[PDB]
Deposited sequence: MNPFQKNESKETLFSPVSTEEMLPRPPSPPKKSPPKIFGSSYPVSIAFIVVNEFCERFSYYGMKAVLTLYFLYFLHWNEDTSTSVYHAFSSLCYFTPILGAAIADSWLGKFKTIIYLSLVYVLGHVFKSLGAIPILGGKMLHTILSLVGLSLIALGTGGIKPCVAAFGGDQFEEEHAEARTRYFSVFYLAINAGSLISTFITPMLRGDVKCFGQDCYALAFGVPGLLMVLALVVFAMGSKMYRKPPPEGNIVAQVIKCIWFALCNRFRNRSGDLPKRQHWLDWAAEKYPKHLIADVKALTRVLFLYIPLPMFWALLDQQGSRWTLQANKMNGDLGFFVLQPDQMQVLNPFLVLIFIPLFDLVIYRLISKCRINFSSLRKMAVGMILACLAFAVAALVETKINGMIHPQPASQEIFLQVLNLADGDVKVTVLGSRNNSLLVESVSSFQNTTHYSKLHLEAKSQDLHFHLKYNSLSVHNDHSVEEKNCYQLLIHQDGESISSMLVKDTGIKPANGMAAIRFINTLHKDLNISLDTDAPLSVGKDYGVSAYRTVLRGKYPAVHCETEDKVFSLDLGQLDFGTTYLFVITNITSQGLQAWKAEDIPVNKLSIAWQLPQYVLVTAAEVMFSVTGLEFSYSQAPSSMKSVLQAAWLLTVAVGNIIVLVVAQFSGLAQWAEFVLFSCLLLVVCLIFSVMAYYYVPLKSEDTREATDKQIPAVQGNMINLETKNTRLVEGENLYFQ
């Protein structure tokens, strides 16, 4: 409207929102679809759901490789949103109990899930990179606000999906049975509308072309750099001052610098999967903690599961609260949060949140009687401080990480650093899956262990970020 914020981004978050909505509207019912429509084993349903989730988290690598090395972006976004819509059509077409049975349903559902994962993996990094591209490199202050609004749109979509999805699958009869066709059709229509709104702003975007087969050049440069040193019986200048400087006979300097920046950022991101895994282990253990505390609140009876909705909601309050106020206050004095102190402080806040959760668990355990009621029984409150702390940590880490990944990425490969971010998230989720089974510790000991692990991970990340040399 005024300046510094292109109209284009209007059709970059409204799309993102409309996408996240749809996604969360499909996953929420997904497991039930396996159990009560396809009538699958519990093990089979859980395994298929987890495989779909993992593929969704991992596909961002293929999405970015397609986007940056070829076809540019806004054409990978369009052509992968088309695949997303096709997968949605298949998935909603496989939930109709009229045609075929137990064979067409399974095949169509699996193909739709595969296509949905492929589309999501390539709509996720490319859309953020495109929205960032819409801003001039000079206007680095507005890009951070754009990324904050992007994250806010994602979280608003999540909250609205939680609040709206139970209405679709509640007491609806598609064809003499529960209406599972609608539960997938509505997300399909939402994704169609997201694609429509994104495409409507084609004349306004700032589509930058790709700089070539950047992935192939990067891999070849790394290969040559590692091969040159192998002077087993010789060698006078294998590669000095860096492990890439003497992969320079070929691969002109503009490519060596870009691959150097990529490798530096990857080395920085190495420890983030552990943080993602540890911070993910709070939507399950905190339910167990909530089940053991009072939830009447006098006014409204609050179930433990509903407490989950308190994390997205709080995010909606902190994204504008921080950016507009807290950060502003930090700028009053000489304090200079350089997008890497923000992430370290976020990790520290998450560690403190888990320590507070352990303290609350200890307080719960210290129960004694005076239907008998425990006098020292905690209300569902006292879970507010830990939710607030972990939510502040998540906001500060995620928004700053998006901005850092975009800002510290060479122009040729802007959308592969977003892929690296999402890949750290995916590996963290994989670690969560692997370590979920190993559960033999008390709740309080588990929480204190998670807090200590988060502290150590934050220490390692801070020590690695102190020596990080920013792109210039």
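Missing from the model, relative to the deposited sequence, are the stretches 1 to 37, 408 to 598, 701 to 738.
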